[PDB]
Amino acid sequence: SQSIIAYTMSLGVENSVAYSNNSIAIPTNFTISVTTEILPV
Amino acid sequence: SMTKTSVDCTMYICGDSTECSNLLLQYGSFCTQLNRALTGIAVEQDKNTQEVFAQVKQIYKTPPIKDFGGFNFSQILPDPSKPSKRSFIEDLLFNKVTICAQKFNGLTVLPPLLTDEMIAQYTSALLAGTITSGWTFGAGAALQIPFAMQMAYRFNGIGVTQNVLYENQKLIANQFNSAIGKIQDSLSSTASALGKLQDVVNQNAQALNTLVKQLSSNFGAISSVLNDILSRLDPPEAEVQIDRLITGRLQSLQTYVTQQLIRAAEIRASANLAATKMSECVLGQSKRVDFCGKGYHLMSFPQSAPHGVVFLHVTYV
Amino acid sequence: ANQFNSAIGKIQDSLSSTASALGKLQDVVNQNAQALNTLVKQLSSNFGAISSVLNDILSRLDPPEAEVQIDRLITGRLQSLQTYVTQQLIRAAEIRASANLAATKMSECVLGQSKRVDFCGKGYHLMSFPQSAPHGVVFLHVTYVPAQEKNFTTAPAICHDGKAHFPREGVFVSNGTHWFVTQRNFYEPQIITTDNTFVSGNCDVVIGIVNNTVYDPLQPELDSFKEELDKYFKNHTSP
Amino acid sequence: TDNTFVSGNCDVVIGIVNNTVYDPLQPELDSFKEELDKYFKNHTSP
């Protein structure tokens with residue numbers, strides 16, 4: 001029941017920013033993230 | 001980016017000829033390395049376009065209410081009445097900078113993975129996140145901030161105390177809105193304004209025009225046309241004349257691919273500069289001296305353009 | 001400490017589980033393998049000569065014809081090295097560029113802390129730890145990423161006595177009944193004081209300004225001395 | 001005294017100039033001398 005399908009690519013998940021002239025979002029908690037980046041020398 | 005070109009050397013050198021094709025097999029990988037080189041260049045064109053424009057994994061959208069503290073972004077933001085989400089300044093960018101023979105001579109041009117609307121959609125997301133949320137959506141979760149409160153931090157970062165914005169906000173908004181009117185007028189008035197991108201379009205046209213014209217070049221043979229050699233000479237003399245065309249057409253492909261690899265390094269370098277300005281001028285505020293235009297950097301507004309990116313840098317002078 | 005220790009456990013698992021994880025260095029070995037394989041394979045190519053083997057020319061042809069066939073192999077093999085070395089100078093420019101980026105990330109990410117946006121991983125750069133790899137360098141970038149956002153009501157400035165108070169560090173935020181200053185990279189509320197803010201101009205020029213009472217740490221410190229001052233005079237009226 | 005900080009004497013700085021540095025606490029203590037002195041003046045009358 002599997003087959004190769006063709007589709008228009010999604011650019012990312014859609015997200016409208018809740019912008020207002022009297023509201024601000026502030027992070028109440030945080031992530032300390034370790035991210036690998038590899039460069040040839 | 002620059003025009004994605006795939007050239008099948010099998011048809012370029014030995015266009016519709018089995019006799020010639022059997023002679024090109026005597027040179028082997030020369031045909032292979034030429035196809036691999038142009039395929040690698042084409043693959044890197046989507047890498048360059050994504051490294052510069054695809055810096056956000058969410059499709060950010062602008063609010064229905066445009067209360068940005070008096071700052072008028074209507075010339076840089078999308079226009080829903082249009083079939084594509086281009087701004088007034090982006091329509092000037094694509095209108096100021098502007099084929100059959102190429103495809104007929106074995107030259108194939110590949111479409112970008114991000115279309116002219118998809119590149120403009122990432123530009124719209126970069127504009128929406130920047131104006132509604134500042135740098136925070138690039139470095140983590142998108143944090144909403146009123147744009148006039150965003151500008152105060154911008155001024156603090158360049159050594160201007162936050163009171164200078166709010167005590168002069170009407171003058172600062174009038175200076176930006178008047179300067180954006182001058183961006184529209186300047187870009188609509190000068191034909192050579194996008195000369196940085198017109199050099200990419202002109203380089204691709206001159207390179208592909210040299211690559212097509214070189215098929216008519218004799219290279220010392222009795223004719224440039226393989227069918228005129230085969231129509232006049234037998235299997236002994238025709239191969240001697242065709243080898244002149246194989247060597248010369250082969251040199252014309254190596255000349256084209258060498259110029260495309262060297263120009264691909266220029267486009268890689270320019271896309272890397274655009275990637276670092278997209279992060280540091282658009283997705284942030286740069287304390288780097290003269291990196292996001294002349295003056296003390298407040299912020300930059302990205303706009304898409306033919307084969308490139310246009311930065312509208314806002315600086316305190 | 002648990003966040004770093006758990007994230008390093010995830011770096012170990014990711015690097016041990018995915019074969020393509022080091023693809024940026026595997027492309028160096030793969031490019032050199034394809035380049036050197038094409039460079040040797042082309043010695044078997046005829047280039048238009050009667051044979052790819054130089055001894056097959058010398059075994060069959062005299063001093064007149066053998067020189068013509070040998071020049072076919074010299075020209076083609078010479079084009080093989082010119083194509084190879086051209087591709088090696090073009091690739092060496094990519095290795096120089098990537099080594100210069102790694103050198104600037106070593107100095108700014110390992111030898112220091114980088115304020116450059118997205119130069120030392122995604123997030124606010126804390127530190128980077130170098131690890132060596134075949135033909136390259138691996139940077140383990142540690143970044144602070146804001147994760148749990150909460151929406152608050154906010155104001156550009158506070159009005160106290162007809163004077164505009166602006167934040168020193170932070171933003172003005174409301175819990176719904178009270179106002180506090182907090183830093184834009186972590187929600188920690190602080191009392192709106194005369195030390196947390198600075199004064200500039202009247203309360204009419206700031207669009208969206210709000211009214212509240214700004215705490216003066218010196219006010220109870222001098223009011224407690226006002227009652228001592230009054231007891232000092234009362235004590236000296238008695239003798 | 002809040003806009004500036006102290007470091008060393010007035011002889012070590014080449015080109016230093018004389019001025020009066022305002023102390024925000026000085027008028028706050030001068031008002032305590034004026035209250036004290038007016039309480040004493042009134043207390044001589046009864």
# chains A, B, ... in the order shown; residues from 1 in each chain; ligands from 1
>>> interface_residues(of="chain B", to="chain C", cutoff="6 Å", atoms="only C-alpha atoms", output="VMD selection string")
chain B and resid 26 to 27 139 to 140 166 to 167 279 to 280
>>> residues_around(residues="range 9-17 of chain A", least_positions_apart="2", cutoff="12 Å", atoms="only C-alpha atoms", output="ChimeraX atom specification")
/A:5-7,19-20,23-25 /B:50,53-65,113-115,117-134,137,141-146 /C:151
>>> write_last_selection(atoms="C-alpha atoms", output="compact mmCIF listing (two decimals), in the first residue's frame")
# COMPACT_ATOMS: atom_id res chain seq x y z
CA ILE A 5 4.01 10.36 -3.95
CA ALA A 6 4.69 13.86 -5.35
CA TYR A 7 3.76 17.09 -3.50
CA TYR A 19 1.63 41.03 17.90
CA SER A 20 0.18 43.79 20.17
CA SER A 23 2.05 42.59 25.23
CA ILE A 24 5.50 40.94 25.45
CA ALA A 25 6.54 37.27 25.61
CA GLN B 50 18.53 27.88 1.63
CA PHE B 53 16.87 32.62 2.84
CA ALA B 54 15.77 29.42 4.67
CA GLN B 55 17.10 30.52 8.14
CA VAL B 56 13.61 30.04 9.76
CA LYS B 57 11.75 26.68 10.13
CA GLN B 58 8.35 28.37 10.79
CA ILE B 59 6.29 30.36 8.25
CA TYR B 60 5.85 33.54 10.26
CA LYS B 61 2.89 35.80 9.36
CA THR B 62 2.17 39.52 9.85
CA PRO B 63 -0.70 40.64 12.19
CA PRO B 64 -3.99 41.99 10.71
CA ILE B 65 -3.33 45.18 12.82
CA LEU B 113 13.78 24.26 -5.33
CA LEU B 114 12.44 27.51 -3.80
CA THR B 115 10.36 29.29 -6.45
CA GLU B 117 7.07 32.93 -4.44
CA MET B 118 8.79 30.57 -1.95
CA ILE B 119 11.88 32.83 -1.69
CA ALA B 120 9.46 35.77 -1.25
CA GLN B 121 7.60 33.69 1.41
CA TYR B 122 10.79 33.25 3.48
CA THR B 123 11.43 36.99 3.01
CA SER B 124 7.87 37.65 4.31
CA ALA B 125 8.53 35.36 7.33
CA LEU B 126 11.85 37.16 8.01
CA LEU B 127 10.03 40.52 7.83
CA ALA B 128 7.12 39.36 10.08
CA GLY B 129 9.37 37.78 12.76
CA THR B 130 11.82 40.74 12.70
CA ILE B 131 9.13 43.47 12.98
CA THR B 132 6.90 41.66 15.54
CA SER B 133 9.51 39.69 17.58
CA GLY B 134 13.02 41.19 17.04
CA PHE B 137 12.72 33.98 16.81
CA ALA B 141 11.12 30.66 20.66
CA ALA B 142 9.61 33.74 18.91
CA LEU B 143 9.06 36.35 21.69
CA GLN B 144 6.55 39.07 20.72
CA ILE B 145 7.67 42.65 21.49
CA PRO B 146 5.96 45.97 20.46
CA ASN C 151 2.83 36.40 27.58
>>> atom_distance(atom1="CA of residue 236 in chain B", atom2="CA of residue 19 in chain B")
11.4 Å
>>> residues_around(residues="residue 300 in chain B", least_positions_apart="6", cutoff="12 Å", atoms="only C-alpha atoms", output="NGL selection string")
:B and (76 or 126-127 or 130-131 or 134-135 or 151 or 154 or 176 or 277-286 or 291-293 or 309-315)
>>> write_last_selection(atoms="C-alpha atoms", output="PDB file, in the first residue's frame")
ATOM      1  CA  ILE B  76       8.636  46.224   2.103  1.00  0.00           C
ATOM      2  CA  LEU B 126      11.854  37.157   8.010  1.00  0.00           C
ATOM      3  CA  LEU B 127      10.030  40.522   7.826  1.00  0.00           C
ATOM      4  CA  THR B 130      11.822  40.742  12.703  1.00  0.00           C
ATOM      5  CA  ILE B 131       9.130  43.471  12.977  1.00  0.00           C
ATOM      6  CA  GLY B 134      13.024  41.193  17.039  1.00  0.00           C
ATOM      7  CA  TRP B 135      16.014  38.788  17.062  1.00  0.00           C
ATOM      8  CA  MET B 151      13.690  50.018  18.642  1.00  0.00           C
ATOM      9  CA  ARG B 154      18.264  48.796  19.166  1.00  0.00           C
ATOM     10  CA  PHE B 176      12.565  56.243   8.430  1.00  0.00           C
ATOM     11  CA  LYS B 277      24.325  39.516   7.192  1.00  0.00           C
ATOM     12  CA  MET B 278      20.984  37.655   7.251  1.00  0.00           C
ATOM     13  CA  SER B 279      21.900  36.380  10.738  1.00  0.00           C
ATOM     14  CA  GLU B 280      23.674  39.497  12.081  1.00  0.00           C
ATOM     15  CA  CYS B 281      21.947  42.437  10.302  1.00  0.00           C
ATOM     16  CA  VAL B 282      18.409  40.992   9.784  1.00  0.00           C
ATOM     17  CA  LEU B 283      18.040  38.298  12.515  1.00  0.00           C
ATOM     18  CA  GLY B 284      20.011  40.467  15.045  1.00  0.00           C
ATOM     19  CA  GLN B 285      21.848  43.741  15.653  1.00  0.00           C
ATOM     20  CA  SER B 286      25.508  44.014  14.646  1.00  0.00           C
ATOM     21  CA  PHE B 291      29.089  45.285   8.593  1.00  0.00           C
ATOM     22  CA  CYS B 292      25.387  46.260   8.285  1.00  0.00           C
ATOM     23  CA  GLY B 293      25.824  49.546   6.304  1.00  0.00           C
ATOM     24  CA  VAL B 309      19.068  39.356  -1.569  1.00  0.00           C
ATOM     25  CA  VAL B 310      18.756  43.090  -0.919  1.00  0.00           C
ATOM     26  CA  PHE B 311      19.374  44.485   2.586  1.00  0.00           C
ATOM     27  CA  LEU B 312      17.760  47.766   3.616  1.00  0.00           C
ATOM     28  CA  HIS B 313      20.042  48.783   6.502  1.00  0.00           C
ATOM     29  CA  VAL B 314      18.780  51.285   9.116  1.00  0.00           C
ATOM     30  CA  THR B 315      21.685  53.059  10.835  1.00  0.00           C
TER      31      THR B 315
END
>>> select_by_dssp(residues="chain A", states="strand (DSSP E)", output="ChimeraX atom specification")
/A:13-16,23-27,30-40
>>> write_last_selection(atoms="C-alpha atoms", output="PDB file, in the first residue's frame")
ATOM      1  CA  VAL A  13       4.901  24.937  10.017  1.00  0.00           C
ATOM      2  CA  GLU A  14       2.603  28.033   9.748  1.00  0.00           C
ATOM      3  CA  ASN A  15       2.709  30.467  12.750  1.00  0.00           C
ATOM      4  CA  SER A  16       1.001  33.927  12.978  1.00  0.00           C
ATOM      5  CA  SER A  23       2.055  42.592  25.229  1.00  0.00           C
ATOM      6  CA  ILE A  24       5.500  40.936  25.449  1.00  0.00           C
ATOM      7  CA  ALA A  25       6.544  37.271  25.608  1.00  0.00           C
ATOM      8  CA  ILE A  26       9.312  36.439  28.143  1.00  0.00           C
ATOM      9  CA  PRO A  27      11.014  33.006  28.622  1.00  0.00           C
ATOM     10  CA  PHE A  30      15.439  27.793  29.214  1.00  0.00           C
ATOM     11  CA  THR A  31      17.362  24.969  27.497  1.00  0.00           C
ATOM     12  CA  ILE A  32      21.153  24.566  27.691  1.00  0.00           C
ATOM     13  CA  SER A  33      21.713  22.924  24.271  1.00  0.00           C
ATOM     14  CA  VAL A  34      24.833  21.168  22.955  1.00  0.00           C
ATOM     15  CA  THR A  35      24.935  21.401  19.138  1.00  0.00           C
ATOM     16  CA  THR A  36      27.576  19.738  16.937  1.00  0.00           C
ATOM     17  CA  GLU A  37      29.090  21.664  14.002  1.00  0.00           C
ATOM     18  CA  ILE A  38      31.746  19.930  11.839  1.00  0.00           C
ATOM     19  CA  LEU A  39      34.227  21.837   9.601  1.00  0.00           C
ATOM     20  CA  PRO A  40      36.932  20.336   7.300  1.00  0.00           C
TER      21      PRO A  40
END
>>> closest_atom_pairs(of="chain D", to="chain C", cutoff="10 Å", atoms="only C-alpha atoms", output="JSON lines")
{"residue": "D:25", "atom": "CA", "partner": "C:218", "partner_atom": "CA", "distance": 9.0}
{"residue": "D:28", "atom": "CA", "partner": "C:222", "partner_atom": "CA", "distance": 8.2}
{"residue": "D:29", "atom": "CA", "partner": "C:222", "partner_atom": "CA", "distance": 8.9}
{"residue": "D:32", "atom": "CA", "partner": "C:229", "partner_atom": "CA", "distance": 7.5}
{"residue": "D:33", "atom": "CA", "partner": "C:229", "partner_atom": "CA", "distance": 9.5}
{"residue": "D:35", "atom": "CA", "partner": "C:229", "partner_atom": "CA", "distance": 9.1}
{"residue": "D:36", "atom": "CA", "partner": "C:233", "partner_atom": "CA", "distance": 7.0}
{"residue": "D:37", "atom": "CA", "partner": "C:233", "partner_atom": "CA", "distance": 9.6}
{"residue": "D:39", "atom": "CA", "partner": "C:233", "partner_atom": "CA", "distance": 8.0}
{"residue": "D:40", "atom": "CA", "partner": "C:233", "partner_atom": "CA", "distance": 7.9}
{"residue": "D:43", "atom": "CA", "partner": "C:237", "partner_atom": "CA", "distance": 8.6}
>>> write_last_selection(atoms="N, CA and C atoms", output="mmCIF file, in the first residue's frame")
data_model
loop_
_atom_site.group_PDB
_atom_site.id
_atom_site.type_symbol
_atom_site.label_atom_id
_atom_site.label_comp_id
_atom_site.auth_asym_id
_atom_site.auth_seq_id
_atom_site.Cartn_x
_atom_site.Cartn_y
_atom_site.Cartn_z
ATOM 1 N N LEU D 25 22.095 63.080 48.551
ATOM 2 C CA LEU D 25 21.794 62.928 49.967
ATOM 3 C C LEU D 25 22.046 64.224 50.758
ATOM 4 N N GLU D 28 18.840 66.243 51.316
ATOM 5 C CA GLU D 28 18.057 65.334 52.158
ATOM 6 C C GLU D 28 18.502 65.355 53.635
ATOM 7 N N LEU D 29 19.780 65.643 53.913
ATOM 8 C CA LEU D 29 20.305 65.886 55.263
ATOM 9 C C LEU D 29 20.269 67.366 55.672
ATOM 10 N N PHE D 32 17.089 68.051 57.443
ATOM 11 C CA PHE D 32 17.113 67.550 58.828
ATOM 12 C C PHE D 32 17.746 68.573 59.802
ATOM 13 N N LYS D 33 18.754 69.341 59.369
ATOM 14 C CA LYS D 33 19.330 70.495 60.087
ATOM 15 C C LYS D 33 18.319 71.637 60.172
ATOM 16 N N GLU D 35 14.893 71.382 60.061
ATOM 17 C CA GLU D 35 13.835 70.886 60.958
ATOM 18 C C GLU D 35 14.272 70.930 62.441
ATOM 19 N N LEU D 36 15.474 70.431 62.749
ATOM 20 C CA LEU D 36 16.104 70.458 64.079
ATOM 21 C C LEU D 36 16.216 71.889 64.636
ATOM 22 N N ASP D 37 16.792 72.806 63.856
ATOM 23 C CA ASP D 37 16.991 74.209 64.223
ATOM 24 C C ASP D 37 15.657 74.958 64.399
ATOM 25 N N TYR D 39 12.761 73.406 65.309
ATOM 26 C CA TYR D 39 12.214 72.848 66.559
ATOM 27 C C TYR D 39 12.870 73.500 67.793
ATOM 28 N N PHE D 40 14.196 73.699 67.788
ATOM 29 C CA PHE D 40 14.876 74.414 68.877
ATOM 30 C C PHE D 40 14.407 75.871 68.985
ATOM 31 N N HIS D 43 11.008 75.888 70.538
ATOM 32 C CA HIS D 43 11.147 75.460 71.937
ATOM 33 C C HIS D 43 11.726 76.536 72.887
#
>>> atom_distance(atom1="CA of residue 206 in chain B", atom2="CA of residue 91 in chain B")
25.7 Å
>>> residues_around(residues="residue 246 in chain B", least_positions_apart="2", cutoff="10 Å", atoms="only C-alpha atoms", output="ChimeraX atom specification")
/B:12-14,20-21,23-24,27,219,239,241-244,248-252
>>> select_by_dssp(residues="chain D", states="alpha helix (DSSP H)", output="ChimeraX atom specification")
/D:26-43
>>> write_last_selection(atoms="N, CA and C atoms", output="PDB file, in the first residue's frame")
ATOM      1  N   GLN D  26      22.841  65.169  50.243  1.00  0.00           N
ATOM      2  CA  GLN D  26      23.155  66.419  50.947  1.00  0.00           C
ATOM      3  C   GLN D  26      21.918  67.292  51.231  1.00  0.00           C
ATOM      4  N   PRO D  27      21.028  67.621  50.273  1.00  0.00           N
ATOM      5  CA  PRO D  27      19.816  68.379  50.588  1.00  0.00           C
ATOM      6  C   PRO D  27      18.824  67.568  51.432  1.00  0.00           C
ATOM      7  N   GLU D  28      18.840  66.243  51.316  1.00  0.00           N
ATOM      8  CA  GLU D  28      18.057  65.334  52.158  1.00  0.00           C
ATOM      9  C   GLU D  28      18.502  65.355  53.635  1.00  0.00           C
ATOM     10  N   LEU D  29      19.780  65.643  53.913  1.00  0.00           N
ATOM     11  CA  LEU D  29      20.305  65.886  55.263  1.00  0.00           C
ATOM     12  C   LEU D  29      20.269  67.366  55.672  1.00  0.00           C
ATOM     13  N   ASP D  30      20.345  68.320  54.747  1.00  0.00           N
ATOM     14  CA  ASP D  30      20.203  69.754  55.051  1.00  0.00           C
ATOM     15  C   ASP D  30      18.793  70.079  55.576  1.00  0.00           C
ATOM     16  N   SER D  31      17.774  69.388  55.059  1.00  0.00           N
ATOM     17  CA  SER D  31      16.393  69.492  55.549  1.00  0.00           C
ATOM     18  C   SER D  31      16.237  68.984  56.996  1.00  0.00           C
ATOM     19  N   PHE D  32      17.089  68.051  57.443  1.00  0.00           N
ATOM     20  CA  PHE D  32      17.113  67.550  58.828  1.00  0.00           C
ATOM     21  C   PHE D  32      17.746  68.573  59.802  1.00  0.00           C
ATOM     22  N   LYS D  33      18.754  69.341  59.369  1.00  0.00           N
ATOM     23  CA  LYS D  33      19.330  70.495  60.087  1.00  0.00           C
ATOM     24  C   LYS D  33      18.319  71.637  60.172  1.00  0.00           C
ATOM     25  N   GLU D  34      17.568  71.929  59.116  1.00  0.00           N
ATOM     26  CA  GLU D  34      16.550  72.995  59.163  1.00  0.00           C
ATOM     27  C   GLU D  34      15.332  72.645  60.045  1.00  0.00           C
ATOM     28  N   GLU D  35      14.893  71.382  60.061  1.00  0.00           N
ATOM     29  CA  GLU D  35      13.835  70.886  60.958  1.00  0.00           C
ATOM     30  C   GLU D  35      14.272  70.930  62.441  1.00  0.00           C
ATOM     31  N   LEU D  36      15.474  70.431  62.749  1.00  0.00           N
ATOM     32  CA  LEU D  36      16.104  70.458  64.079  1.00  0.00           C
ATOM     33  C   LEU D  36      16.216  71.889  64.636  1.00  0.00           C
ATOM     34  N   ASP D  37      16.792  72.806  63.856  1.00  0.00           N
ATOM     35  CA  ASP D  37      16.991  74.209  64.223  1.00  0.00           C
ATOM     36  C   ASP D  37      15.657  74.958  64.399  1.00  0.00           C
ATOM     37  N   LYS D  38      14.640  74.723  63.549  1.00  0.00           N
ATOM     38  CA  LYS D  38      13.290  75.284  63.772  1.00  0.00           C
ATOM     39  C   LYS D  38      12.559  74.685  64.975  1.00  0.00           C
ATOM     40  N   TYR D  39      12.761  73.406  65.309  1.00  0.00           N
ATOM     41  CA  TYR D  39      12.214  72.848  66.559  1.00  0.00           C
ATOM     42  C   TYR D  39      12.870  73.500  67.793  1.00  0.00           C
ATOM     43  N   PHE D  40      14.196  73.699  67.788  1.00  0.00           N
ATOM     44  CA  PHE D  40      14.876  74.414  68.877  1.00  0.00           C
ATOM     45  C   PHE D  40      14.407  75.871  68.985  1.00  0.00           C
ATOM     46  N   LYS D  41      14.314  76.628  67.879  1.00  0.00           N
ATOM     47  CA  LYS D  41      13.828  78.025  67.901  1.00  0.00           C
ATOM     48  C   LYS D  41      12.422  78.128  68.493  1.00  0.00           C
ATOM     49  N   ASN D  42      11.484  77.278  68.072  1.00  0.00           N
ATOM     50  CA  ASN D  42      10.141  77.250  68.654  1.00  0.00           C
ATOM     51  C   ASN D  42      10.172  76.856  70.148  1.00  0.00           C
ATOM     52  N   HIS D  43      11.008  75.888  70.538  1.00  0.00           N
ATOM     53  CA  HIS D  43      11.147  75.460  71.937  1.00  0.00           C
ATOM     54  C   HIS D  43      11.726  76.536  72.887  1.00  0.00           C
TER      55      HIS D  43
END
>>> residues_around(residues="residue 21 in chain D", least_positions_apart="3", cutoff="12 Å", atoms="only C-alpha atoms", output="PDB file with C-alpha atoms, in the first residue's frame")
ATOM      1  CA  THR D   1      28.080  61.343  43.064  1.00  0.00           C
ATOM      2  CA  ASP D   2      25.941  58.709  41.188  1.00  0.00           C
ATOM      3  CA  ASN D   3      27.060  59.859  37.665  1.00  0.00           C
ATOM      4  CA  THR D   4      30.784  59.590  38.693  1.00  0.00           C
ATOM      5  CA  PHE D   5      33.056  57.254  40.734  1.00  0.00           C
ATOM      6  CA  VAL D   6      36.189  57.988  42.857  1.00  0.00           C
ATOM      7  CA  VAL D  17      39.757  70.303  36.803  1.00  0.00           C
ATOM      8  CA  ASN D  18      37.952  71.615  39.891  1.00  0.00           C
ATOM      9  CA  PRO D  24      21.699  63.681  46.200  1.00  0.00           C
ATOM     10  CA  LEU D  25      21.794  62.928  49.967  1.00  0.00           C
ATOM     11  CA  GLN D  26      23.155  66.419  50.947  1.00  0.00           C
TER      12      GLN D  26
END
>>> decode(residues="range 197-211 of chain B", atoms="N, CA, C and O atoms", output="compact mmCIF listing (two decimals), in the first residue's frame")
# COMPACT_ATOMS: atom_id res chain seq x y z
N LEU B 197 23.52 42.40 -9.12
CA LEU B 197 22.78 41.25 -9.65
C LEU B 197 22.78 41.22 -11.17
O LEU B 197 22.87 40.15 -11.77
N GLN B 198 22.75 42.39 -11.81
CA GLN B 198 22.86 42.44 -13.26
C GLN B 198 24.19 41.83 -13.73
O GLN B 198 24.21 41.20 -14.77
N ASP B 199 25.27 41.92 -12.96
CA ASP B 199 26.52 41.22 -13.27
C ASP B 199 26.39 39.69 -13.23
O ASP B 199 27.08 39.00 -13.97
N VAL B 200 25.50 39.12 -12.41
CA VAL B 200 25.26 37.67 -12.37
C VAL B 200 24.46 37.22 -13.58
O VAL B 200 24.82 36.24 -14.23
N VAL B 201 23.41 37.95 -13.93
CA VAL B 201 22.58 37.69 -15.11
C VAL B 201 23.38 37.87 -16.40
O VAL B 201 23.34 37.02 -17.28
N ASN B 202 24.18 38.93 -16.48
CA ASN B 202 25.08 39.18 -17.60
C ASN B 202 26.19 38.13 -17.69
O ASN B 202 26.46 37.67 -18.79
N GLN B 203 26.82 37.71 -16.58
CA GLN B 203 27.82 36.63 -16.60
C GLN B 203 27.25 35.31 -17.10
O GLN B 203 27.89 34.63 -17.90
N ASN B 204 26.06 34.93 -16.66
CA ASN B 204 25.41 33.72 -17.14
C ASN B 204 25.04 33.81 -18.63
O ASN B 204 25.26 32.86 -19.37
N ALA B 205 24.54 34.96 -19.10
CA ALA B 205 24.22 35.15 -20.51
C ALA B 205 25.46 35.14 -21.41
O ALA B 205 25.45 34.50 -22.45
N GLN B 206 26.56 35.78 -21.01
CA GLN B 206 27.81 35.81 -21.76
C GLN B 206 28.50 34.44 -21.78
O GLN B 206 29.04 34.02 -22.80
N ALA B 207 28.47 33.72 -20.66
CA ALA B 207 29.03 32.38 -20.55
C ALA B 207 28.27 31.35 -21.37
O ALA B 207 28.89 30.59 -22.12
N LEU B 208 26.95 31.33 -21.29
CA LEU B 208 26.10 30.45 -22.10
C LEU B 208 26.10 30.86 -23.57
O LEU B 208 26.05 30.00 -24.44
N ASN B 209 26.20 32.15 -23.89
CA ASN B 209 26.38 32.60 -25.26
C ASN B 209 27.74 32.19 -25.83
O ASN B 209 27.80 31.76 -26.98
N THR B 210 28.83 32.25 -25.06
CA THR B 210 30.12 31.71 -25.50
C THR B 210 30.05 30.19 -25.67
O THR B 210 30.50 29.66 -26.68
N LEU B 211 29.41 29.49 -24.74
CA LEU B 211 29.24 28.05 -24.81
C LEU B 211 28.43 27.61 -26.03
O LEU B 211 28.81 26.65 -26.70
